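Report on the structure given below.
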Amino acid sequence: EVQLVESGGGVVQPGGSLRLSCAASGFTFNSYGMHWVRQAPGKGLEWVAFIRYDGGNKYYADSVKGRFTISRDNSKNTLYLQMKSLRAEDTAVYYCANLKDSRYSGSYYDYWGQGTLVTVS
Amino acid sequence: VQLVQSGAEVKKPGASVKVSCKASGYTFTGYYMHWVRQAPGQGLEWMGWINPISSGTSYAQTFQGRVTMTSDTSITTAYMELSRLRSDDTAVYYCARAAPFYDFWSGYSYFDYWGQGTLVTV
Amino acid sequence: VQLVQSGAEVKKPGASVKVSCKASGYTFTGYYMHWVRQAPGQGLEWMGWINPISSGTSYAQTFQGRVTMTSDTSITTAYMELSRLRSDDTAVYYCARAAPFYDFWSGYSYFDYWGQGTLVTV
Amino acid sequence: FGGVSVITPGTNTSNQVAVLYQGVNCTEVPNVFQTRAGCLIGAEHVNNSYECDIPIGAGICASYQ
Amino acid sequence: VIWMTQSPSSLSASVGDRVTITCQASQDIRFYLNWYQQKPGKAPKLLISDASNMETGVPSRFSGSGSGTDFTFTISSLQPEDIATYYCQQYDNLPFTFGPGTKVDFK
Amino acid sequence: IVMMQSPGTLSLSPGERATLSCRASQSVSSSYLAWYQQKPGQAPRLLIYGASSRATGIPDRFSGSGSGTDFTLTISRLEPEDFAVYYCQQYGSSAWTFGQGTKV
Amino acid sequence: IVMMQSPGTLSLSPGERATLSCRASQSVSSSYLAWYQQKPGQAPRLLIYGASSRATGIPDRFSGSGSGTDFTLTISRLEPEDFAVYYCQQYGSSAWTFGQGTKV
Amino acid sequence: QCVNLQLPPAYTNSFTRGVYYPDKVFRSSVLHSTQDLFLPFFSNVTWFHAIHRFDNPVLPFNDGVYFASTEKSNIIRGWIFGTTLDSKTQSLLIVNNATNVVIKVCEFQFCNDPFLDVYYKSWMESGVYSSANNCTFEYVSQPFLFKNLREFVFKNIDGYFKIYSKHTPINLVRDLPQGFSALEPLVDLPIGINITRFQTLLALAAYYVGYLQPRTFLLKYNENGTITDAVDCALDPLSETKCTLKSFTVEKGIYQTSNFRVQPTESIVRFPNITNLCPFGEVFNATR
Amino acid sequence: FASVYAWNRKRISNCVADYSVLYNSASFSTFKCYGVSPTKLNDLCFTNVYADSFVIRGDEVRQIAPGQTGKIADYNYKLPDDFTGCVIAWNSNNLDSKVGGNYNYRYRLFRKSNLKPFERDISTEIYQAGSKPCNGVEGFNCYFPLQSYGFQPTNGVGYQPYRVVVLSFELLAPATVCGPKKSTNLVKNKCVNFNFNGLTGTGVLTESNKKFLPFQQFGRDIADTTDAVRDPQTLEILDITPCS
Amino acid sequence: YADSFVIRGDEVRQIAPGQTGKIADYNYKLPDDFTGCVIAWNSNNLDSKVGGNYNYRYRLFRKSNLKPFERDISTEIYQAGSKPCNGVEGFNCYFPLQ
Ligand SMILES: *[C@@H]1O[C@H](CO[C@@H]2O[C@@H](C)[C@@H](O)[C@@H](O)[C@@H]2O)[C@@H](O)[C@H](O)[C@H]1NC(C)=O
Ligand SMILES: *[C@@H]1O[C@H](CO)[C@@H](O)[C@H](O)[C@H]1NC(C)=O
Ligand SMILES: *[C@@H]1O[C@H](CO)[C@@H](O)[C@H](O)[C@H]1NC(C)=O
Ligand SMILES: *[C@@H]1O[C@H](CO)[C@@H](O)[C@H](O)[C@H]1NC(C)=O
Ligand SMILES: *[C@@H]1O[C@H](CO)[C@@H](O)[C@H](O)[C@H]1NC(C)=O
Ligand SMILES: *[C@@H]1O[C@H](CO)[C@@H](O)[C@H](O)[C@H]1NC(C)=O
Ligand SMILES: *[C@@H]1O[C@H](CO)[C@@H](O)[C@H](O)[C@H]1NC(C)=O
Ligand SMILES: *[C@@H]1O[C@H](CO)[C@@H](O)[C@H](O)[C@H]1NC(C)=O
Ligand SMILES: *[C@@H]1O[C@H](CO)[C@@H](O)[C@H](O)[C@H]1NC(C)=O
Ligand SMILES: *[C@@H]1O[C@H](CO)[C@@H](O)[C@H](O)[C@H]1NC(C)=O
């Protein structure tokens, strides 16, 4: 029932920008805080950003802070990630996720999307 | 902190004895001076105290009317005088330091420094 | 500032030795403690250091896996233990004081105080 | 930047409103009519002339019909 | 930033073998640690949360425990379907962090 | 008030633990209970005050506890120098009272 | 890095001046160069740090200078107590290195 | 004892519900503007059916929760609030029964699918948790719980767990009623714990869940000090006008209510491209 | 007592607070109040009182105040500029100093940013002074963030241990902590000076017809003045009318 | 007017407008609109004695603060508790000077 579908992935040049989105359905999206996580080819999991259910407070990894912006549209159940000044190092598969979290988001269920590949070159 | 008392005395019944205690190493008027008696083979008995700043005293009921305490701040010395001596007053007399009643952490309830005692025989 | 080390020890190959160094005259946790070895007729070799506040250490490549350093702030004492002893470990071992890496004027680059050494024979 | 004004008939008549963005192009805002007073959104512009009801400015007025 | 490490980075085991994975934190995180399992081409799956709580649907052969800085993930009897890369993740303090990842191969 | 210590005499070896008790005829605030140690030929010295607090210069081999009418003094491991007479002392009603003392 | 002192041995009279040299295989910051004096049967003591700064308690008969790869230690007028072994020490790359030492 | 017992959510429209008395000050015949955590007007509230197949999920607490249910069957008995909801941390258990309400904060080891037995350890223990220890708080009072609609608001601020409630009749089946009714303070509990998640306890079941937001409201107090109406100042341009004019009635005309401003898209820094460092250390570490 | 970097906090509520026993004590070396006079505390009521406690050295006591800077003010214990409360301190050399040095008391020496008011940071993360990541390893440009005082009985006064207690007065709501003031009989239909749980003023008190709800304690006018109160003992609602 | 007295070094900071402390509150009080100068110097060589000079005293307890330029030389026993002292020093009854 629960689905998360990423889109907006593609190939861009260094110094450029790319806007990712994730369509949520099958669950009350607006009650959950959401995370972005990325994984480069041959690499492990890297946490990127977190946004609260209301869309107010936003948190970023130091590896993306100042370049990446996280947002959400609660009228369209859609999660967004706006990436500026993209670098070659940002090449990875990006996921939208609802990570189980007993301290901050209070999320009891763990969900992941399909993953969309972003290439900078 | 040091407390130095006078040497042993020998008296006859009906007489009086005065025992001194010289204090050093602290502000003399910041503390009460107490006297404690220890008869041979016996425990400790509290006699009373003097407050050098005011010359105020308080005595144990046992010795009221018999014991007088004085002090002289110019030589940081306290004195205890016991009159109408009897044979049962034979004891080692100690001076001891304790805080005043306004001490926040109840330092007045116990004796933190003792001098060596003065043996008095009657 | 004083640094006092343990007396000489005699060990056999394959054994282990522990040398202590007691510090006084300064804030123990304000400085790094270093160990320096001097083999007979030879110069000085740096072994490593310990930081008493964190119990963090760093060792010279030569001794990595062989030497362990510990400390106990309650007795302001540092210890160095060297395992798998060999005859070529015969030396006088010194403890020495140096500033931590956050010292503005680079007091960490040199050793300002030394204890008398401990002679270890293997 | 600029002011935002709400054009309304009484709440005793209707809950419909139009919004005027003062001193701005309609292209910068996000029934869209550009006036000298600003961008008016929510009101239908007509070619008929009537007595002025709610004044907007520069000859333009609004009314509930 | 709380740094996470795992050891070994890679281990090989056969079916029926016991597999243990160690995860460590540079800071005390009490019990706020997740364990994930990932296979190639797929998103990570959560197996354990809050150090030792099992997720619904997770086989009883999976378990874990620990507190503070030292945590362990265990498979009591490795199955042919358990060949995956395992990750530990702390959620005591933002930013959240994942460990290096431990690959379990087949011997 | 009456302060009663027990046992009157305690006998044990060096290196062993000792416990001394003091009972009050009425409730005593912990802040008003103290212990003293008197060696042969010497004035008494303070060991414990406020029921549990050690006096300055006193080894951590000594400790105290208690409340209400029941207080104790513990010596973890006895030295040759600890075989002395111990007293409990109480303050209240503007007076200072000592127990009869016990010999270790 | 390698620290090389020279001469290995120096011989001169009391009341005369001595100069000892230390050369580095690579550039060394002046702040990281120190000199020690070790008497027979004794632990080393610091004389100079930061290339030129005297340690506390050290007579003004001692001085140092240098930069880059070349440093020196000067003793203006030698006393009977100055005929000891001197070492240069360098810090860098999170390690401490001593020279072989020279005997005066 | 503990026993084992996902479906898509339904949604309903909350027209003018979830308003409560913001403080303990008496006011009358006045329009008062306040800022607090309120349920936004005409928001999408999640409609659950715990007993359909059993599906009674654990939900995020966030910054406060609007909770409501309609029933005559007295199936909903209580709630669990906490974090891990196990023996590792303190958890808040609020349970009602026929005669009283019991509120405890303990290290509860809750069942996987916790509930209350219709017939019964203890009436608040058997089906809810396997064990409890290290209790820090206990409170007992009177029960908190046609058709009867019960509305609650849960907040957890500065250690105080605040509950508001209102009980009204209703003649609807599949939604929440229109009209305005303010919720009154029920109890302020000085508990001092962190809440991130919560779950509804049923006796063996429909309920609504909304979330509060930092919002500005204009509240209308009648002559008896009762709140009879309200305006959500961020709902629409008309509501903004009403709040600006501090009035629930607006006459014909044009009103300036606010200002608009374009926000910066990014930040740029342009400094001189010199790389040499200032010789401060030469001042600080001078010999003389 | 706690270390200053890991300071203790205790909440005080629902009690009678006599502040004169502390203020009139001879045992405290420092007693400074902000936002309130020390001689008026017994006449006031508060919703909560917080008591924070820790050990610092003598010279640092001046940092425990609004608008101060320094290692303690910035990285250990921060007060707000609109602070309402009292700072109390005394010398504890006899308790906290040891021969050889007491290394139990510690403070934060390095931090990436200043603390906010009443923020508490007890982490031991290695501090990065340089541009190179430390990755949890102490060394060059990578520091251990804490340091000890090493208190000794022979230290100068500025280096002796001081025990500090900070009383923060929370004023919002119903008061739960009030001074030891005695109540009087209630007088109505006359011009009086009144004090209701710290709320003072002048006026005539009469029975109110205002239907207060059980949780409501007082009413307010548009001038932000009180025009009705609930009596704290009888729970009766009284109207307040200004004297003619 | 020239006012003169002896205090200890640490207390010199209390001799100023808007100050608090045992000296400012119970011994010597200055007004907030004070016009004047405060002059002080170390007198260790004159006022200190071996064994202690106990001639100089200050007020430690008082029921209220002094007004500016008020002088109080009484020795009334201070009542700290609720029970009357009746001139008798003891528990909750202090001698006001030190
Ligand atoms: C004196 O300082 C010079 C300038 O270096 C800068 O300041 C010093 C304090 C350090 O912070 C350093 O990292 C900075 O780059 C040094 O070049 C010089 O070597 C120093 N001299 C001595 C004897 O230390
Ligand atoms: C509520 O859901 C509808 C779709 O069913 C959507 O159009 C509307 O914008 C949502 N409103 C809110 C406040 O989420
Ligand atoms: C308001 O509407 C009523 C009809 O519902 C009308 O009779 C009345 O005149 C109107 N008032 C105004 C000011 O338009
Ligand atoms: C702004 O409005 C003016 C007047 O209608 C028009 O000429 C101009 O082209 C508009 N600007 C843009 C970007 O459309
Ligand atoms: C107004 O007239 C213009 C022609 O001048 C025409 O293009 C426009 O569609 C008309 N609008 C309306 C509402 O009649
Ligand atoms: C309701 O709870 C109270 C308090 O625990 C208990 O005494 C009472 O017996 C309970 N009643 C029922 C029917 O469980
Ligand atoms: C009981 O709970 C408190 C928190 O409310 C916690 O600090 C304490 O350690 C717990 N006690 C035990 C034995 O776990
Ligand atoms: C709140 O979270 C903190 C940090 O994990 C924890 O120490 C505290 O016990 C929690 N409060 C509870 C469990 O009531
Ligand atoms: C106020 O209360 C009275 C009864 O005391 C009632 O008659 C009146 O209708 C109420 N006012 C409103 C607006 O409900
Ligand atoms: C004390 O206050 C309570 C209300 O909190 C009241 O019921 C009781 O009668 C009061 N007692 C006295 C003596 O006034």
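Residue numbers start at 1 in each chain; chains themselves are named A, B, ... in the order of the structure tokens; ligands are numbered from 1 in the order shown.
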
Given only C-alpha atoms and all ligand atoms, how would the per-residue table for chain D near ligand 4 read, listing every residue at most 9 Å away with its closest atom pair and distance in Å to one decimal, sorted by chain and number, as JSON lines?
```
{"residue": "D:24", "atom": "CA", "partner": "ligand 4", "partner_atom_place_in_ligand_line": "1 (C)", "distance": 7.8}
{"residue": "D:25", "atom": "CA", "partner": "ligand 4", "partner_atom_place_in_ligand_line": "1 (C)", "distance": 4.8}
{"residue": "D:26", "atom": "CA", "partner": "ligand 4", "partner_atom_place_in_ligand_line": "1 (C)", "distance": 7.2}
{"residue": "D:27", "atom": "CA", "partner": "ligand 4", "partner_atom_place_in_ligand_line": "14 (O)", "distance": 5.9}
{"residue": "D:28", "atom": "CA", "partner": "ligand 4", "partner_atom_place_in_ligand_line": "13 (C)", "distance": 8.1}
{"residue": "D:34", "atom": "CA", "partner": "ligand 4", "partner_atom_place_in_ligand_line": "5 (O)", "distance": 6.4}
{"residue": "D:35", "atom": "CA", "partner": "ligand 4", "partner_atom_place_in_ligand_line": "5 (O)", "distance": 7.7}
{"residue": "D:36", "atom": "CA", "partner": "ligand 4", "partner_atom_place_in_ligand_line": "4 (C)", "distance": 8.3}
```

Since we have the selection now, will you write its residues out, keeping N, CA, C and O atoms, as a CSV table (one decimal), in the first residue's frame?
```
chain,number,residue,atom,x,y,z
D,24,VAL,N,3.1,46.5,-8.2
D,24,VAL,CA,3.8,45.3,-8.7
D,24,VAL,C,3.2,44.8,-10.0
D,24,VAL,O,2.0,44.9,-10.2
D,25,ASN,N,4.1,44.1,-10.9
D,25,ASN,CA,3.6,43.4,-12.0
D,25,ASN,C,2.9,42.1,-11.6
D,25,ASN,O,3.3,41.5,-10.6
D,26,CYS,N,2.0,41.6,-12.4
D,26,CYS,CA,1.3,40.4,-12.2
D,26,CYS,C,2.2,39.2,-12.4
D,26,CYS,O,1.9,38.0,-12.0
D,27,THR,N,3.4,39.4,-13.0
D,27,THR,CA,4.3,38.4,-13.2
D,27,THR,C,5.2,38.0,-12.0
D,27,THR,O,5.8,37.0,-12.0
D,28,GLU,N,5.1,38.9,-11.0
D,28,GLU,CA,5.9,38.7,-9.8
D,28,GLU,C,5.1,38.3,-8.6
D,28,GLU,O,5.6,38.1,-7.5
D,34,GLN,N,-4.0,43.7,-14.8
D,34,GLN,CA,-2.9,44.7,-14.4
D,34,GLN,C,-3.5,46.1,-14.5
D,34,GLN,O,-4.0,46.5,-15.5
D,35,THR,N,-3.4,46.8,-13.4
D,35,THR,CA,-3.8,48.2,-13.3
D,35,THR,C,-2.6,49.1,-12.9
D,35,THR,O,-1.6,48.6,-12.5
D,36,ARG,N,-2.8,50.4,-12.9
D,36,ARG,CA,-1.8,51.4,-12.5
D,36,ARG,C,-1.6,51.3,-11.0
D,36,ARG,O,-0.5,51.7,-10.5
```

If we count only C-alpha atoms, what is near residue 92 (chain J) at a cut-off of 7 Å, once residues fewer than 2 positions away on the same chain are taken out, given as a ChimeraX atom specification?
/B:101 /J:79-81,90,94

Requested write-out: C-alpha atoms of the selected residues, as a PDB file, in the first residue's frame:
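Final output, saved to part00.pdb:
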```
ATOM      1  CA  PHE B 101      25.427  29.647  66.408  1.00  0.00           C
TER       2      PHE B 101
ATOM      3  CA  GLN J  79      16.984  37.819  66.573  1.00  0.00           C
ATOM      4  CA  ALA J  80      17.322  35.349  63.718  1.00  0.00           C
ATOM      5  CA  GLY J  81      14.454  33.099  64.775  1.00  0.00           C
ATOM      6  CA  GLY J  90      22.502  31.792  72.056  1.00  0.00           C
ATOM      7  CA  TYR J  94      23.536  36.552  67.665  1.00  0.00           C
TER       8      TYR J  94
END
```

Counting only C-alpha atoms, which residues from chain H have an atom at most 10 Å from any atom of chain E, and could you show them as a ChimeraX atom specification?
/H:84,86,88,112

Excluding same-chain residues fewer than 6 positions from region 33-39 of chain F, what lies within 9 Å of it counting only C-alpha atoms, as a list in words?
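Skipping anything fewer than 6 positions along the chain leaves residues 109, 110 and 111 of chain B; 45, 46, 47, 48, 49, 50, 51, 52, 53, 64, 71, 73, 81, 82, 83, 84, 85, 86, 87, 88, 89, 90 and 91 of chain F.
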
Determine, counting only C-alpha atoms, which protein, DNA and RNA residues have an atom within 6 Å of an atom of residue 216 (chain I); residues of the same chain fewer than 3 positions away are not included. Present the result as a ChimeraX atom specification.
/H:24-25 /I:213

Quick check, in Å to one decimal: how far apart do CA of residue 100 (chain H) and CA of residue 51 (chain H) lie?
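These two atoms are separated by 24.8 Å.
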
Find the spatial neighbours of residue 50 (chain J), counting only C-alpha atoms, within a cut-off of 12 Å - ignore same-chain residues fewer than 3 positions away - and output them as an NGL selection string.
(:B and (24-27 or 74-76)) or (:J and (44-47 or 53-54))

Could you please select, counting only C-alpha atoms, the residues of chain F within 12 Å of chain J and state them as a JSON list (two decimals) with C-alpha atoms, in the first residue's frame?
```
[["chain", "number", "residue", "atom", "x", "y", "z"],
["F", 91, "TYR", "CA", 23.87, 18.56, 70.30],
["F", 92, "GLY", "CA", 20.42, 19.82, 71.20],
["F", 93, "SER", "CA", 18.50, 22.08, 73.57],
["F", 94, "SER", "CA", 21.53, 24.37, 73.82],
["F", 95, "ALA", "CA", 23.66, 21.60, 75.34]]
```

Can you list every residue in chain D that DSSP puts in strand (DSSP E), as a PyMOL selection string?
chain D and resi 2-8+18-22+32-35+38-41+54-57+60-62

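Those residues that approach residue 230 (chain I) to within 7 Å, counting only C-alpha atoms, are residues 217, 218, 235, 236, 237 and 238 of chain I; same-chain residues fewer than 4 positions away are not listed.
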
I need the residues from that last selection saved to file as an mmCIF file, in the first residue's frame (with N, CA, C and O atoms), if you can.
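Output file selection.cif follows:
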```
data_model
loop_
_atom_site.group_PDB
_atom_site.id
_atom_site.type_symbol
_atom_site.label_atom_id
_atom_site.label_comp_id
_atom_site.auth_asym_id
_atom_site.auth_seq_id
_atom_site.Cartn_x
_atom_site.Cartn_y
_atom_site.Cartn_z
ATOM 1 N N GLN I 217 -8.146 31.954 37.226
ATOM 2 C CA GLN I 217 -7.755 32.527 38.514
ATOM 3 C C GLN I 217 -8.035 34.021 38.625
ATOM 4 O O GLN I 217 -8.207 34.542 39.726
ATOM 5 N N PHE I 218 -8.036 34.719 37.499
ATOM 6 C CA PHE I 218 -8.262 36.160 37.505
ATOM 7 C C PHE I 218 -8.736 36.648 36.148
ATOM 8 O O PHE I 218 -8.507 35.991 35.136
ATOM 9 N N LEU I 235 -11.645 30.318 47.274
ATOM 10 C CA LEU I 235 -11.947 30.106 45.863
ATOM 11 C C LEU I 235 -13.147 30.932 45.407
ATOM 12 O O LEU I 235 -13.704 30.701 44.331
ATOM 13 N N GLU I 236 -13.483 31.946 46.197
ATOM 14 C CA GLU I 236 -14.529 32.906 45.876
ATOM 15 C C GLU I 236 -14.054 33.895 44.820
ATOM 16 O O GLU I 236 -12.895 34.310 44.828
ATOM 17 N N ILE I 237 -14.947 34.280 43.915
ATOM 18 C CA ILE I 237 -14.595 35.260 42.895
ATOM 19 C C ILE I 237 -14.978 36.665 43.333
ATOM 20 O O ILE I 237 -16.133 36.931 43.671
ATOM 21 N N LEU I 238 -13.996 37.558 43.330
ATOM 22 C CA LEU I 238 -14.190 38.935 43.757
ATOM 23 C C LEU I 238 -13.936 39.907 42.621
ATOM 24 O O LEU I 238 -12.957 39.775 41.890
#
```

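If one restricts the calculation to only C-alpha atoms and all ligand atoms, the set of residues situated within 12 Å of ligand 5 consists of residues 31, 33, 43, 44, 45, 46, 47, 48 and 49 of chain D.
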
What are the residues of chain H lining chain A at 8 Å or less? Count only C-alpha atoms, and put the answer as a ChimeraX atom specification.
/H:6-9,46,58-62,83-84,196-197,211,213

Given the selection you just returned, output its residues as a file containing N, CA, C and O atoms, formatted as a CSV table (one decimal), in the first residue's frame.
```csv
chain,number,residue,atom,x,y,z
H,6,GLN,N,-0.9,-3.5,6.8
H,6,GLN,CA,-1.4,-2.2,7.2
H,6,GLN,C,-2.5,-1.8,6.2
H,6,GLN,O,-2.4,-2.1,5.0
H,7,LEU,N,-3.6,-1.1,6.7
H,7,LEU,CA,-4.6,-0.6,5.9
H,7,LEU,C,-4.3,0.9,5.5
H,7,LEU,O,-3.6,1.6,6.3
H,8,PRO,N,-4.8,1.4,4.4
H,8,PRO,CA,-4.8,2.8,4.0
H,8,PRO,C,-5.6,3.6,4.9
H,8,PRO,O,-6.7,3.2,5.4
H,9,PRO,N,-5.2,4.9,5.2
H,9,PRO,CA,-5.9,5.9,6.0
H,9,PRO,C,-7.1,6.5,5.2
H,9,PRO,O,-7.0,6.6,4.0
H,46,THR,N,-6.8,12.5,9.9
H,46,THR,CA,-6.8,11.1,9.6
H,46,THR,C,-7.8,10.3,10.4
H,46,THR,O,-8.0,10.5,11.6
H,58,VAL,N,1.0,2.7,15.8
H,58,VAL,CA,1.7,3.7,16.7
H,58,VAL,C,1.9,5.0,15.8
H,58,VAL,O,2.5,4.9,14.7
H,59,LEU,N,1.5,6.1,16.4
H,59,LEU,CA,1.6,7.4,15.6
H,59,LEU,C,2.6,8.3,16.3
H,59,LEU,O,2.8,8.2,17.5
H,60,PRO,N,3.2,9.2,15.5
H,60,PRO,CA,4.0,10.3,16.0
H,60,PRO,C,3.2,11.3,16.8
H,60,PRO,O,2.1,11.6,16.5
H,61,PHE,N,3.8,11.8,17.9
H,61,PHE,CA,3.2,12.8,18.7
H,61,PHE,C,3.5,14.2,18.2
H,61,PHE,O,2.7,15.1,18.4
H,62,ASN,N,4.6,14.4,17.6
H,62,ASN,CA,5.1,15.7,17.1
H,62,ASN,C,5.0,16.8,18.2
H,62,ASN,O,5.6,16.6,19.2
H,83,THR,N,8.4,7.2,24.2
H,83,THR,CA,9.4,7.1,23.1
H,83,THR,C,9.5,5.7,22.6
H,83,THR,O,8.9,5.4,21.5
H,84,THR,N,10.2,4.9,23.3
H,84,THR,CA,10.5,3.5,22.9
H,84,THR,C,9.3,2.6,23.3
H,84,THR,O,9.2,1.5,22.7
H,196,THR,N,7.4,11.2,22.0
H,196,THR,CA,7.6,11.3,20.6
H,196,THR,C,6.6,10.5,19.8
H,196,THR,O,6.3,10.8,18.7
H,197,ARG,N,6.0,9.5,20.5
H,197,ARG,CA,5.0,8.6,19.9
H,197,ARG,C,3.9,8.3,20.8
H,197,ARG,O,4.0,8.4,22.1
H,211,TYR,N,-2.9,17.2,13.9
H,211,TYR,CA,-1.7,17.8,14.5
H,211,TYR,C,-1.8,19.3,14.7
H,211,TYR,O,-2.3,20.0,13.8
H,213,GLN,N,-0.4,23.2,15.1
H,213,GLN,CA,0.6,24.1,14.5
H,213,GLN,C,0.6,25.4,15.2
H,213,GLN,O,-0.4,25.8,15.7
```

Return as a PyMOL selection string the residues of protein, DNA or RNA that approach ligand 7 to within 12 Å, with only C-alpha atoms and all ligand atoms taken into account.
chain H and resi 82+87-92+105-108+132-137+159+191-194

Extract, using only C-alpha atoms, all DNA, RNA and protein residues at most 7 Å from residue 17 (chain G), discarding same-chain residues fewer than 6 positions from it, and format them as a list in words.
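Once the adjacent positions are removed, what remains is residues 75, 76, 77 and 78 of chain G.
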